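Residue 68 in the authors' numbering is what sits at position 68 of the sequence shown, and the numbering runs on without skipping anything.
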Amino acid sequence: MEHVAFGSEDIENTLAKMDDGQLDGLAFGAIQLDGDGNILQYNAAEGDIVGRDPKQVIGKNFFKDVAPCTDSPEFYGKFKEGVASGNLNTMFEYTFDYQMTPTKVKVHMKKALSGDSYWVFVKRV
Ligand SMILES: *C(=O)/C=C/c1ccc(O)cc1
Numbered sequence: 001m002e003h004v005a006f007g008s009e010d011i012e013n014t015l016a017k018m019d020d021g022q023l024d025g026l027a028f029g030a031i032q033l034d035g036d037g038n039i040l041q042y043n044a045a046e047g048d049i050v051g052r053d054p055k056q057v058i059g060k061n062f063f064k065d066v067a068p069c070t071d072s073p074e075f076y077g078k079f080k081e082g083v084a085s086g087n088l089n090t091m092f093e094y095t096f097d098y099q100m101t102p103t104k105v106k107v108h109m110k111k112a113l114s115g116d117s118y119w120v121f122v123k124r125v
C-alpha cells in the first residue's frame, strides 16, 4: 500500500512521484481534474467506492457526465472558486448517491503541484 494518510499536509507533493500503479496503491480515492473538470487521473480505490471504471471515466467531465450529484454550488462551486483564484484546500462531508448505494464520504479538494490541475480525495465516513 503506498504509505500516505488522507488529509496529510503535503499530499500533493507526495503524489507528484506516483505512476498509475502507485496511485492505485493509495488507501483512499484520488481524482485529478483540469480546470474545467475533465478527469486526468482516477485511481482504483475511488472506482471501488462508487462503482466506476477508471478507463471509462478518464477524459470525461466529472460534473457533467460522471457525478451530476456534485453539479451544485456546494461541490462544483467550491472547485470552480479554487480554480479561479489558485487557492484550493478544503474538506467537507458529502453524499454520493447516483448509480450506487447512497454513501457518506469525506472529501478533500487540493490544488496539485502543477498549478493547472486539482485533486479531489475521497474516503468513507
Ligand atoms: C454524484 O452523482 C456522485 C457521483 C460520483 C462521485 C464520485 C466518483 O468518483 C464518481 C461518481
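By construction, the Cβ of each residue, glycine as well, lies at the ideal position given by its N, Cα and C atoms.
Distance cut-off 7 Å: residue i Cβ against heavy atoms of ligand 1
| i | result |
| --- | --- |
| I31 | yes |
| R52 | yes |
Reduced DSSP category for residue i - H, G, I as helix; E, B as strand; rest coil
| i | result |
| --- | --- |
| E81 | helix |
| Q22 | helix |
| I49 | helix |
| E12 | helix |
| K110 | strand |
| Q99 | coil |
Cβ-based burial, residue i [other Cβ within 10 Å; buried from 16]
| i | result |
| --- | --- |
| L33 | buried |
| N43 | buried |
| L113 | exposed |
Of the residues the options, the one placed nearest residue i, counting alpha carbons only
| i | options | result |
| --- | --- | --- |
| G35 | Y118, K123 and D71 | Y118 |
| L26 | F63, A45 and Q41 | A45 |
Next on the checklist: For the region 42-52 against the region 72-87, do three or more pairs of beta-carbon atoms, one drawn from each stretch, fall closer than 8 Å, so that the two count as touching?
Outcome noted: no
Checklist entry - Is there contact between the region 102-113 and the region 53-67, where contact requires at least three CB pairs shorter than 8 Å? => result no
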